[PDB]
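Here are the chains, one letter per residue:
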Amino acid sequence: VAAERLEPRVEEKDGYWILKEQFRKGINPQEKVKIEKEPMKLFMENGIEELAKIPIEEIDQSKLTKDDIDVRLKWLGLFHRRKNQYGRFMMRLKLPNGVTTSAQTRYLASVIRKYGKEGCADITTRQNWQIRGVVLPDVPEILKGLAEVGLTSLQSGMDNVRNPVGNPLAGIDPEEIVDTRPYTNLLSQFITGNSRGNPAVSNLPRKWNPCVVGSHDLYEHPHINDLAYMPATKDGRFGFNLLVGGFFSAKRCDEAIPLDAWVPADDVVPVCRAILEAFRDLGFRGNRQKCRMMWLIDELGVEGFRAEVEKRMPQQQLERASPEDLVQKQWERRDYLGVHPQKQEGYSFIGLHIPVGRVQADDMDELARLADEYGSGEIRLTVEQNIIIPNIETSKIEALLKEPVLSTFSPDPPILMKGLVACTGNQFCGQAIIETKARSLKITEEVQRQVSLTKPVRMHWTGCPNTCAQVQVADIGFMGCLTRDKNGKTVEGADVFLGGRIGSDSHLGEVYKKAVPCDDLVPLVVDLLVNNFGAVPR
Ligand code: SRM
Ligand code: SF4
Ligand SMILES: O=N[O-]
Ligand SMILES: [Cl-]
Ligand SMILES: [Cl-]
Ligand SMILES: [K+]
């Protein structure tokens, strides 16, 4: 690698970071959008106020403003559903560690309630909230309303640092390694500039996913994050070994690799900053399929990339990885659904199944009511698109289990539902090839009617090769495709994946059988469960 390759390609100009004039050749169209107008100005210079007043039909008549609503608004967490729900915006938060309050939940419910049939909300595979139905004229008021209740939607889409994932049992599990909340909180504060915007990390070549591990279970999926903090003691000091570059895409899925770096616990933010600066400064900005950070690591080599991180650390210090980390390889991932005692004597948490992560406003209000009546007004989201209500006095559990809403959001649903994960799909997502959420529920219900089993089989449904629902981690994964029935008619189908493992002994699954019509999946899956996962026909 020539020394010229290491020249930073972006520069700070008037509070924002822009590609240098000599590093603009051959850039992709998204890079051109970012140069044409700085997306962060919509928030930081209140550009949204005037934009929101322009009728959408008028907005669509010019490239600049159409790009504002279709692309730049993703820096404010707003996602125009142009193809499948025209004129409506999905809105996505920052929610470090998946932690929400009842007041925040009620606020979000109040926003979606306004939109009637166009509104609903979803828990995401980064333990985050998305709300739906938003119209552009309401955006300024919603941004103000979010801030009022202590929420931000900043930098949650496009070429930004995505939701910092942590241990859903942080602070409450007797078996936790380290409470991840302080760290994910710090990361989110750093990323968003304390909810004011942080332009230093908002012009990346591509999206970038961070997580902080605090569980032996590895609930945080460190193997598939761009930066994963693995708790590790080194030379008598608590800190983190760092894994880098994990990612999924249509073209390529790769597990994170060791940076060969350990940082003291207090250096979590400094090293996040150093890694992001190196990625921002040096990353490829051509073909979008080759812009994730792993591609830079491969170009420089991991040692070459490490040197770039090291030079950007305070005092240019970056220790080598600790020989061992604190995560115990002797471990079985634990079910968190149901009632579990906390480390605080006399308290329990309850994990509740949210079918395919989908809720309506009334459901949100009810969950918020439960968290207030039974817990501490806290609702935690999980990456399987479920919830945990922590901090419940154990003597209240008997009454809680009788609450009518628990018949819908159950502490003990059938085992296949416990592990079911599904992306948005074509109800709202323009890239989706198939409908996912309704279909996956229907198929799973039919499968479980036919077989019983005791193994916690994890089934993931994703609507297109972007694999937002992570089919490569599943015991059985389903990737949307179009295929053909016996008469040659177009039908929805799935490419079926097998081989995904999570926890310490992680492994990426691969296509097992292509082009299976969705209407033919039940017998295939029933047989796979009996033959490979110990299921028994009813
Ligand atoms: C909501 C969510 C799936 C869900 O049902 O839970 C989701 C939904 C979408 N993803 Fe994703 N992704 C979601 C997690 C993921 C993950 C999983 C993860 O983070 O562990 C991945 C795979 C892992 C990874 O990225 O390394 C993922 C890979 C993508 C990709 C492919 C990235 C790539 O490098 O090629 C895109 C397309 C892109 O960014 O170019 C995409 C694009 C999109 C968009 C924003 C596309 C769009 O504008 O329509 C989807 C919005 C649909 C909608 O209305 O909801 N989404 N997306 C997840 C939101 C997470 C969050 O709260 O921030
Ligand atoms: S996997 Fe495809 S269909 Fe599903 S939410 Fe992601 S982009 Fe949309
Ligand atoms: O928002 N899915 O990258
Ligand atoms: Cl995006
Ligand atoms: Cl679209
Ligand atoms: K779920």
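Residues numbered from 1 in each chain as written, not as in the entry; some residues may be left out. Chains lettered and ligands numbered in written order. Heavy atoms only, no water.

Some details on the site of ligand 1
Put simply, the test is: The criterion for a residue being near a molecule or strand is simple. One of its heavy atoms has to lie within 4 Å of it. As used in this structure description, the phrase polar contact means that two N or O atoms lie within 3.5 Å; if the pair is within protein, one of them must be able to donate a hydrogen and the other to accept it, and residues adjacent in sequence are counted only when both atoms belong to side chains. We count a stretch as a helix when DSSP gives it H or I for four or more residues in a row; a strand needs E for two or more, and each element gets its number in order from the N terminus. Three classes are used, and their members are as follows: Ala, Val, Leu, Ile, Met, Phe, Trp, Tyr, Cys and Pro are nonpolar, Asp, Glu, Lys and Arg are charged, and the others, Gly among them, are polar.
Taken together, 29 residues are adjacent to ligand 1, and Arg 81, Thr 124, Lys 207, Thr 424 and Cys 468 come closest. In the model, an oxygen atom of ligand 1 is placed 2.8 Å from a nitrogen or oxygen of the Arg 81 side chain. In this structure, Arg 206 approaches ligand 1 through a side-chain N or O atom, which is 2.9 Å from an oxygen atom. Among the secondary structure elements, those contributing two or more residues to the shell around ligand 1 are β4 (89–92), β7 (129–134) and β11 (247–248). Among the residues forming the shell around ligand 1, the class breakdown is 9 nonpolar, 12 polar and 8 charged.

Some thoughts on the pattern of salt bridges
We count it as follows: By salt bridge we mean one thing: a side-chain nitrogen of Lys or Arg within 4 Å of a carboxyl oxygen of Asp or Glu. Using a 1.4 Å probe on the protein chains alone, a residue whose accessible area is under 20% of its type maximum counts as buried, one over 50% counts as exposed, and one in between counts as partly exposed.
This structure, assessed with the given rule, holds 50 salt bridges. Of the charged contacts, one joins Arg 113 and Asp 362 as a salt bridge, the two residues approaching to 2.9 Å between their closest N and O atoms. Highlighted residues: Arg 113 in helix α6 (residues 102–113) and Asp 362 in helix α12 (residues 361–374), separated in sequence by 249 residues. Overall, the relative accessible area of 36% leaves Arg 113 in the partly exposed class. One network of salt bridges, in which partners are shared, links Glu 31, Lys 34, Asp 159, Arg 285 and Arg 288.

A closer look at the packing of aromatic side chains
As a reminder, the rule being used: Here a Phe, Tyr or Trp ring, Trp counted by its six-membered ring, pairs with any other such ring whose centre lies within 6.5 Å, and the pair is stacked when the planes are under 30 degrees apart, edge-to-face when over 60, and tilted otherwise. By definition here, charges over rings are those cases where NZ of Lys or CZ of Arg is within 6 Å of the ring centre and within 35 degrees of the ring normal.
In the structure shown here, the tally under the stated rule is 5 aromatic pairs. Aromatic side chains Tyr 219 and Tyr 336 sit 6.1 Å apart centroid to centroid with 80 degrees between the ring planes, which places their arrangement in the edge-to-face category. Of this pair, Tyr 219 sits in the loop between β8 (210–212) and β9 (227–234) while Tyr 336 is found in the loop between α11 (302–311) and β14 (338–341), placing the two residues 117 residues apart along the sequence. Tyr 336 gets classed as buried once you look at its relative accessible area, which sits at 5%. Note on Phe 238 and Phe 240: the rings are 5.3 Å apart at their centroids and 70 degrees apart in plane angle, and the pair reads as edge-to-face. Overall, the relative accessible area of 31% leaves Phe 238 in the partly exposed class. Put simply, the rings of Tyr 183, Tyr 229, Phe 238 and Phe 240 pair up and form one aromatic cluster. Just above the ring of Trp 17 sits the side chain of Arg 280; from NZ or CZ to the centre is 3.7 Å.

A look at the coordination of the potassium ion (ligand 6)
In plain terms, the rule: Counted as donors are N, O and S atoms no farther than 2.8 Å from the metal, or 3.2 Å for Na, K and Ca; water is not among the atoms, and sites may therefore look incomplete.
Donor atoms from the polypeptide that bind the potassium ion (ligand 6) are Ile 354 (O), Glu 384 (O), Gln 385 (O) and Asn 386 (OD1), placed at 2.6 to 2.9 Å. Taken in sequence order, the residues that donate to the potassium ion (ligand 6) follow the motif I-x29-E-Q-N. Residue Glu 384 is classed as buried on the basis of its relative accessible area of 8%.

A short note on the domain arrangement of the protein
In plain terms, the rule: Where each domain starts and ends comes from a domain assignment, either automatic or drawn from a database. Contacts are assigned to residue pairs that have any heavy atoms within 4.5 Å of one another. Summed over both partners, the accessible area (1.4 Å probe) lost when two parts come together is defined as the buried area.
If you check the domain split of the protein, you get domain 1 (1–149 + 336–413), domain 2 (150–335) and domain 3 (414–538). Relative to domain 3, the C-alpha centre of domain 2 lies at a distance of 29 Å. At the junction of the two partners, domain 2 supplies 16 residues and domain 3 supplies 14 residues. In total, domain 2 and domain 3 occlude about 1,200 Å² of area from one another, counting both sides; carbon and sulfur atoms represent 66% of this. On the domain 2 side of the contact with domain 3, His 223, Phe 248 and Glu 255 bury the most area, a combined 37% of that side's loss. Counting every contact that joins domain 2 to domain 3 gives 1 salt bridge. The closest approach of N and O atoms between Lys 418 and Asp 335, which form a salt bridge, is 2.7 Å. Here domain 2 and domain 3 share 2 residue pairs in polar contact between them.

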